[PDB]
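Let's start with one chain on its own, the form deposited in one PDB entry, as structure tokens.
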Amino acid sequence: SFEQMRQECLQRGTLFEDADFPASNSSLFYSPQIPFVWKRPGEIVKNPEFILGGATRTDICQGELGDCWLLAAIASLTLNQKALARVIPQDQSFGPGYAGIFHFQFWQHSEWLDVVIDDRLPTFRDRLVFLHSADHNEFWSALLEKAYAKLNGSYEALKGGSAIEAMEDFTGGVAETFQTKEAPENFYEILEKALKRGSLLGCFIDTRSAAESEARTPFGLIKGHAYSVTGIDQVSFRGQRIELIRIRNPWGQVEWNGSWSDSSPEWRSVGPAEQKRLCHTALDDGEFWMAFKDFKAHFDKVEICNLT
């Protein structure tokens, strides 16, 4: 129990050390390093605060693990302060009662799992190397990420993750899933409404075996790799109405190289405005358009995660 471990440590005058997820290299990687040392918040700042001026979007600043798609889920959690209070119990602080131990709750399949941690964090020049607040006295987000890394087995296990999967872990909800090649007749409008509503949308290509995991296709797509759906629209192309979809690769910047890709002749073909209407520019940002018909042929699954 968390309350019991805190009580034990407190009555013994010591700070908690998590034997299940210790302050060592195995908790960070399965291969690696850059000069870091593990420190508790009270040893890097003088008055460490757990939650400072609210738990909000300004407290979520990427560290050396990256601008993960997982960050988008934590961002959306702060917009649901009721859900945030389930993931992050408010019985906790660096004040009287502190004993170097925190806990977080993640929905797993039919249960909220309590995940317990010690507050030792990877550190550089007395400063957090991974997730951190813009307020360097504030530690909830740093600690949330450590707890999620633990559920997942390591910090390294976090890169490449789905924001959808994390949002499921954070709320107890379930994303709806659709098969692109067996999709409803109004699939376009369904996706359009979900986007307008503020839902998280993801798309994937199925692997037929472990062999296919992170396999790149000749069209510049990657199998068993999480992507995000960010736009859907229509254009006039050579006198026809073409449905388009906008996809973001959130882990690296490999892009689609077929029709409607960044440098493709479709973009040159289409009316002068319409290129600006759809806000298109050719950049190696991991983001791109495809024809919605090519989308359905090349991707296998869509996941829609409605935020209430």
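Residue numbers run from 1 along the displayed sequence.
Although not depicted, the form deposited in another entry is the subject of the following passage.
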Practice item. Choose the entry from 127, 92, 135, 174 that sits at the hinge of the motion between this form and the one not shown, where one rigid part turns relative to another. Key: 174
Study note, to complete from the structure: One pair moves by 3 angstroms or more in the other form: the C-alpha atoms of residue 162 and residue 230, which are farther
Point to revise | Outcome for the Cα pair residue 56, residue 230 in the other form, compared with this form (closer or farther; change of 3 Å or more) | key: closer
